[PDB]
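Per-entry structural report
Chain by chain, the residues:
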Protein chains: 2
Amino acid sequence: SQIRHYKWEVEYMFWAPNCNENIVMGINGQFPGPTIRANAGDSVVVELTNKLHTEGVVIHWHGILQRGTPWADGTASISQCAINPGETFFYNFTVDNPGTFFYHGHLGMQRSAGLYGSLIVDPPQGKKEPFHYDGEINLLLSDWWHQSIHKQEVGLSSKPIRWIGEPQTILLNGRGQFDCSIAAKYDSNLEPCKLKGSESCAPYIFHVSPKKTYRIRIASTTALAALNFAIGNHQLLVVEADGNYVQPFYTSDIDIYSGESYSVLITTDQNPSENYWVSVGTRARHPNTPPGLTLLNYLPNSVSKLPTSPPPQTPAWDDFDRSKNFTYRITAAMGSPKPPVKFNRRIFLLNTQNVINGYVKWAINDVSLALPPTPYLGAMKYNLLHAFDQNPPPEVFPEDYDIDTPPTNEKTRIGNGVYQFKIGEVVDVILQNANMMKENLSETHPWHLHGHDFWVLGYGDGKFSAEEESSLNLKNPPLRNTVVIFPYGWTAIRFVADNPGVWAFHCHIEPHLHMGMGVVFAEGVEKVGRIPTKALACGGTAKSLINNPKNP
Amino acid sequence: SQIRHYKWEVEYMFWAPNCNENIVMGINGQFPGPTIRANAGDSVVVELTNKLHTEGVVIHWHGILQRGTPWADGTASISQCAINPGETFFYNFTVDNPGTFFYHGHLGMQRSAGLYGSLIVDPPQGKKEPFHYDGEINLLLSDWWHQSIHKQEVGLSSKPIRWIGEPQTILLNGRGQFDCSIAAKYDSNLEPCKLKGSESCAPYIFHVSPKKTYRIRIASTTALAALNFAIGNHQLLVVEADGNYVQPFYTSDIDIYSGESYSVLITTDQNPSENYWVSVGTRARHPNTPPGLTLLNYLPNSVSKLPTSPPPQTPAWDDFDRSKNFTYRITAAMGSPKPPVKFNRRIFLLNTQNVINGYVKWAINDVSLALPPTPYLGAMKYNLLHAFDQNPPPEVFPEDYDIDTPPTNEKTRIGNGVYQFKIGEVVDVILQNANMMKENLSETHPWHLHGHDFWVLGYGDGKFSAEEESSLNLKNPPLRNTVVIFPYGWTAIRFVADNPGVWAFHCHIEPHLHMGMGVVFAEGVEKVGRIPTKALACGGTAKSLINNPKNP
Ligand SMILES: *[C@@H]1O[C@H](CO)[C@@H](O)[C@H](O)[C@H]1NC(C)=O
Ligand SMILES: *[C@@H]1O[C@H](CO)[C@@H](O)[C@H](O)[C@H]1NC(C)=O
Ligand SMILES: [Cu+2]
Ligand SMILES: [Cu+2]
Ligand SMILES: [Cu+2]
Ligand SMILES: [Cu+2]
Ligand SMILES: [Cu+2]
Ligand SMILES: [Cu+2]
Ligand SMILES: [Cu+2]
Ligand SMILES: [Cu+2]
Ligand SMILES: [Cu+2]
Ligand SMILES: [O-]
Ligand SMILES: [O-]
C-alpha cells in the first residue's frame, strides 16, 4: 500500500470551457482538477491550500466511505468548518475498494463553478479486474452556465425566485461548444465551429485501435442535467456502477444522473476506415441544451474524417418507461454482499417543492434543511446541545397526503434537526416523490448518501404501500451511493449504520440542495476519535473549546 | 361605391414590440400599420411616399384580386419597379368582396421589419353579413427576431448559410413579451413581467360583455411561424376563411399558417365573474418561442384578475394528424361557386431544398426563382424578349423521384422563366412536398396565389398518382388564397386564368421566398391597359422607353 500525496491550491482563473471566457475554479491552474489514482488499500493525503480571496472551500470525495476519518468527508457544516482563505488543511483517508469515483466542491454552488475532478481506484497491487480490457478512457460529465455562480445563488434565494434555467453547454472532460456544432454538416440550420483542435473547447477525442476492447469510465457531476450516453454503431456492456460490480448486460446507450459513475466496455469491431459519434444528450427535462459531442477515432484515420451518419438521436426526454426499463435492469454481480433480510428502522421521506414565506424551497416531510454555522460532527462529539435542534425530525409523512395535487404549504418549516441511528442498525429509507407546485408536474431527483453504500431494494409507481413489500428485491439488489426517484414514484433502499460520523443524504441536483432538499443522518458519534482543530474552529465548537475567560 | 383616400409615408423608426428596442418600419409613425376599412365595391387610393433613405419599397394588398389593376399588386420585379426614396406612388384598386384581408411588404425581407397591417372589407353598403354578432375584435399575428433584417438577409445569402432561427417573440397586434411571462403565476420557473398596461409591449386586451356573440377576425403575416389560437373555456365557430365563407363548424382552437385569415365567432356564455386566457402557440416546428398571450376580459372584472387556470397548452407541434383533422374540414358555405368540373391545364410542382453552388436554395421542379431587375408586367407588355427566359418552365417532375430521400442536386438551377396561361383556362396545380437536405425531414409550406382565389380540391399523403382522382372534392371545395402542403404530401388546387396580369405564386414563408421558393404566372397580358410610369421606370423598360439617342 502506498501513500499517495497531493499538494493542491484552489484559486479562480479565467478559462473558456466552451470558448467563451468566464471564471472557473481551478486546482493548481487546471480545469478540471488533477486526477487522483490509487490502488485499494492505499492512503491518500491531500494538503489543500485555499487561495480564494474571501471564500471558504471544502472538497467532498464522492463515494469514499471515510471509515475512521468522518472529519475528512468534505461537507461544510456537517463534517467540518470550511477552510478559510490562506489556510492549509490535510484530508487523509484510505481508499478501500476499486471503482470510478470523483471529487467536488460541497459549499454553496462551488461545484457548478468547476471545482471537480476524477478519483479512480484500481484493484490491490497484484490483483486484477474481473474483466479484461486493453485500454481505458476516462470521462467526467458536467454542465455549464454562462451566468455567474454568485448571480445564480442570489437568484435562487430571492422572492420571486429566479430559476437558473437549462445549461448553455454540456461539458465532456471540461470541454464543450456553444452556438456551433462539430456535427453541423448534417444540418444546414447549424453553425460550423471553426476549431483547429488546439482550443480549450476543442473536443477531447477518444482514440482507439481496431479489434481491441476498452473500459470507458463515466462519472457525472452535473449540477442539473440528466444525460444519455451513446456511441454510434457500438454496444455498451455495463460492468460497474458507483464503484461496485453489476451483473453485465448490453445496451445501446445508458442514462446517467448527477452522482452516478459507470464503467462500460466497448470493442472496436466496426468498419475500421471510419470514425464514430459519441453523443451525450439531455433527458428527464424539456431539453434546451445542444448535446455534448466527440469522436471515437479509429486510428489511423484522420480525426477530420467525419462519420457517415449523424450523431445518435437522443431518446425522447419524457419516455420515463424507457428510463425505467434501463434502471430496473441493474442487479448486483454474482457473489456480491446480500442485504440483512429484516430491518430495524424504516423511515419514509416525502419529497415536496414548497413555498415557505414567499420563498420557493424543497422540503422533506415538510422540513427544508438550513445548515447551522456549527459543524454537526464537532457539535455532537462535544455534546453542544444548543447548536442545532435536538428534537427528532419526522420519520413518516401523513397518510392523508395526496401526492397527485400541489402542496398546501400549511405546515412547511425550515429546520436543522438530525436523524440518529445506533451503530449496527439496519435502516430502510422509502423515498416518496409527489406533485410539485405547478399542476401535474413531478420530476426525477438523484439522491446520494455520504459514508455508505446501500442496496436498492426496489422502485414503484404512486405511493408505497404494504402491498408493495413483497416486490422488494432481497436476493440480487445493487449496491450504490446514488439512486433516482421517478415522477410520482417511490424507491426503497437499505443500509447498515456501521460508520461513526455525521452523513449528508440529499438530492444531488445542486440548486435543490441549495433550496433545502436533503437530511442529516448521525450514527455512533460516541466512537468518533480526535477531529483536526481546523474542522472545529468555527461556530459553537470554537466558542466552547477556546478557553478565553473574563474576570478570571 | 365610395373612394377611400389614404395619405401614407413609410419610414424606419425606433420601437420596442417586446419592450426591447430595435428599429421597425412604420407607416405614418405607427407600428403596426393603419387599418383600411371600406365596404365592398369602393375604390381605395393610397398615395404612398417612400421616406426610407437608400431603399425602395412596395406594398402588397394580400387577398385583393387586382381585377383591372395588375400594376397595383405591389410585387417588386413582377408588377412594378420598387418606389424610390423620396417618390410618391398611387395604388388605386377596387375591393370586390367582404372579408378579413391585410397588407405587407413584398420587397426583400421588408415585411419581417414590421411593414404590415389590416385591410377589412365590409358588405356592400346596405347589406348584412350572413350571421349575427354584437361586436368584433381584430387580431393580426406576426413574429419578431432581435437580429437585424439586413444581417438576416446577408446570413441567408452567405455560403455557409446562417439560418435565422426560431422567432424571439410572437406578436399579437404588434405587442409581445420577451424573457418574462404575464402568466408567470402558474409556474415558479417563469419570470413575471413588470408591466403597468401602458407600455409598447403590454398586451392588447380583448374587452367583452357577458352573454354577447363576437366576430374575431384573425390574420397571419408571420415570416415563419405556424400558430395555434385557443381561448380558455370557449369554443370557436369558424365562419370565414380568406375573405370567403365556409360551412360553419365548432372547434376548441384553430391552426393558422402565414398568409391565412379567419373569422371565428364566440359567445360569452362562461361564468361572468372571471377572465380567460387567449393563447397563440407555435406548432409545425419544434418550439423555442413562448406563446403570445392576452386576456378575454369579461367586463366589469378587473383586468389584473388572473384566470384560475393556466393558459391552454398548445397541441404538440408535430401531431400532423391533428393538424390535418382541422384542415381537411374546411368546405365552402352552401351557395358558393363550385369549380369547373373539367380542367384545361394541370401542372405538377415538386418542392425541394437544394444546394446550388454551395448555396442552400429552395427550388420548384429544380428551378430556384431569382427575380430580374425589369418588372415582368412591363417587360411582357412591351414584348422585351431579352428581359427574362422565354423558355417555358418545367411543368412536371420525374415520376421516378424519391420524395423520401435528400435531393442529389445534379440538375438544380436558378432561373426566371414564366408559366403563361390563356385567358380563361381552368388550371389545376398539384403541389408536391418532398424530403429536404437533412435526412427524414419535410416541413409544412403555405403557398399563396396572387390575383386569384382557388378551390382546394384535396390533400393526400405521399406522391400523387392519377388513381387519386375520385377523392377530389368537386362538390364543396373551399375558396382560398393560401393553402398548406403537409410533410411528405401533396395538395391540389384549381382556379381560372381570368385576370390579365403577372401573378406571383410562392411559399408565403419569407426566408423560403428569399431563397427561391416560388413561381410566376402570367395570363392575358395583351389585355393589360396603361401601366403607371413609375412602375415601368427601371431595367429594360426604362432603357427601351426613354428616347435618348446618340450623335444627337
Ligand atoms: C495528515 O497527513 C499528514 C502527512 O502524513 C500529517 O502530517 C497530518 O498530521 C495528518 N493529519 C491527520 C488529521 O491525520
Ligand atoms: C390614382 O388615383 C388618384 C386619385 O383619384 C389619381 O390622382 C391618380 O392619378 C390615379 N393614378 C392611377 C395610376 O390610376
Ligand atoms: Cu457527489
Ligand atoms: Cu458523496
Ligand atoms: Cu423541445
Ligand atoms: Cu432534486
Ligand atoms: Cu453530498
Ligand atoms: Cu401575403
Ligand atoms: Cu398576396
Ligand atoms: Cu416554404
Ligand atoms: Cu406574395
Ligand atoms: O460520498
Ligand atoms: O394576394
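What the deposited record gives as its method is X-ray crystallography, and the resolution it gives is 2.2 Å.

Let's shift gears to the interface of chain B and chain A. Contact residues are listed per partner, giving 13 residues for chain B and 14 residues for chain A. Among the residues chain B hides against chain A, the three largest losses belong to B:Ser188, B:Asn189 and B:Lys438. Together they make up 32% of the total. The tally of links between chain B and chain A comes to three salt bridges. Between A:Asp187 and B:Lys438 there is a salt bridge; the shortest N-O distance is 3.4 Å. One can count two residue pairs in polar contact joining chain B with chain A. For the side of chain B that touches chain A, a count of residues per class yields four nonpolar, four polar and five charged.

With that out of the way, let us pick up the relation of the copies chain B and chain A. Mapping chain B onto chain A leaves a residual RMSD of 0.3 Å; the transformation is a rotation of 180° accompanied by 0.1 Å of translation along its axis. What the rotation and shift describe, once combined, is the action of a two-fold rotation axis. Identified as the residue of chain B closest to the rotation axis by C-alpha distance is B:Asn288, at 4.1 Å.

Bringing the coordination of the copper ion (ligand 3) into the picture now. Around a metal, the perfect tetrahedron of four donors has angles of 109.5 degrees, and the perfect octahedron of six donors has angles of 90 or 180 degrees. Residues and elements named next belong to chain A. The protein atoms that coordinate the copper ion (ligand 3) are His-62 (ND1), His-104 (NE2) and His-508 (NE2), at distances spanning 1.9 to 2.1 Å. In terms of primary sequence, the donors binding the copper ion (ligand 3) are separated according to H-x41-H-x403-H. Between the copper ion (ligand 3) and the copper ion (ligand 4) the interatomic distance amounts to 4.1 Å. Here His-104 is found in strand β7 (residues 99-105), whereas its partner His-508 is found in the loop between β31 (501-507) and α4 (510-514), with 404 residues between them in sequence. According to the relative accessible area criterion, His-104 is buried, its value standing at 2%. The buried category is assigned to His-508, whose relative accessible area is 1%.

Residue and element names in this part refer to chain B. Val-45, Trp-71, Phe-90, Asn-92 and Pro-532 make up every residue found near ligand 2. Between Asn-92 and ligand 2, the recorded distance is 2.4 Å, taken from a side-chain N or O atom to an oxygen atom. Summarising the interface, the protein chains cover 47% of the accessible area of ligand 2, which totals 360 Å² for the free molecule. Taken together, the residues that form the shell around ligand 2 break down as four nonpolar, one polar and no charged.

All names here are of chain A. Every buried residue of helix α2 (residues 320-327) is listed here: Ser-323, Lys-324, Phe-326 and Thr-327. Buried residues of α2, viewed axially, fall in a sector of 160°; they line one side. Away from its buried face, by an angle of more than 90 degrees, α2 presents the exposed residues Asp-321 and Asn-325. Buried residues along α2 sit against β15 (244-251), β16 (254-256), β17 (261-267), β18 (276-283) and β27 (454-461).

Right, let's talk about the sheet that holds strand β32 (residues 518-523) of chain A for a bit. Residue and element names in this part refer to chain A. Taken in spatial order, the five strands of this open sheet run β24-β32-β31-β26-β29, and their pairing is mixed. Either end of the sheet is taken by a strand with one partner, and the two such strands are β24 (419-421) and β29 (482-485). Within this sheet the neighbouring strands show an average axis-to-axis angle of 20°, counted without direction.

Right, let's talk about the sheet that holds strand β32 (residues 518-523) of chain B for a bit. Residues and elements named next belong to chain B. Here five strands make up an open sheet; going across it, the order is β24-β32-β31-β26-β29 and the pairing mixed. The open sheet is flanked by β24 (419-421) and β29 (482-485), the only strands paired with a single partner. Along the sheet, successive strands turn relative to each other by an average axial angle of 20°, direction set aside. Pairing of strand β26 (residues 445-449) with strand β31 (residues 501-507), which is carried by three bridges, proceeds in the antiparallel orientation. Opposite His-448, over in β31, you have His-506 as the bridge partner.

Moving on, we come to the UniProt feature "binding site: Cu cation 4" in chain A. All names here are of chain A. UniProt annotation of "binding site: Cu cation 4" refers to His-445, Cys-507, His-512 and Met-517 when read in the numbering used here. Spatially, the listed residues are clustered: although they cover 73 residues, their C-alpha atoms lie within 9.8 Å of one another. Structurally, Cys-507 is set in strand β31. Within the fold, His-512 resides in helix α4. Residues within four places of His-512 in sequence aside, it is in contact with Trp-163, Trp-362, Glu-443, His-445, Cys-507 and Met-517.

Criteria and thresholds
Residues numbered from 1 in each chain as written, not as in the entry; some residues may be left out. Chains lettered and ligands numbered in written order. Heavy atoms only, no water. Contact = heavy atoms within 4.5 Å. Buried area = accessible area lost by both parts, 1.4 Å probe. Salt bridge = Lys/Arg side-chain N within 4 Å of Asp/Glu carboxyl O. Polar contact = N/O pair within 3.5 Å; in protein donor to acceptor, adjacent residues only side chain to side chain. Nonpolar A, V, L, I, M, F, W, Y, C, P; charged D, E, K, R; others polar. Least-squares fit on C-alpha atoms. Donors = N, O, S within 2.8 Å, 3.2 Å for Na, K, Ca; no water. Helix = DSSP H or I, 4+ residues; strand = E, 2+ residues; numbered from the N terminus. Buried < 20%, exposed > 50% of the residue type's maximum accessible area, 1.4 Å probe, protein only. Near = heavy atom within 4 Å. Areas by Shrake-Rupley, 256 points an atom, 1.4 Å probe, with all protein chains shown as cover. Arc of directions from axis to C-beta. Pairing = 2+ DSSP bridges. Axes fitted to C-alpha atoms, helices over the stretch in contact; angles between N-to-C directions. UniProt positions renumbered as here; feature names shortened; annotations may be inferred.

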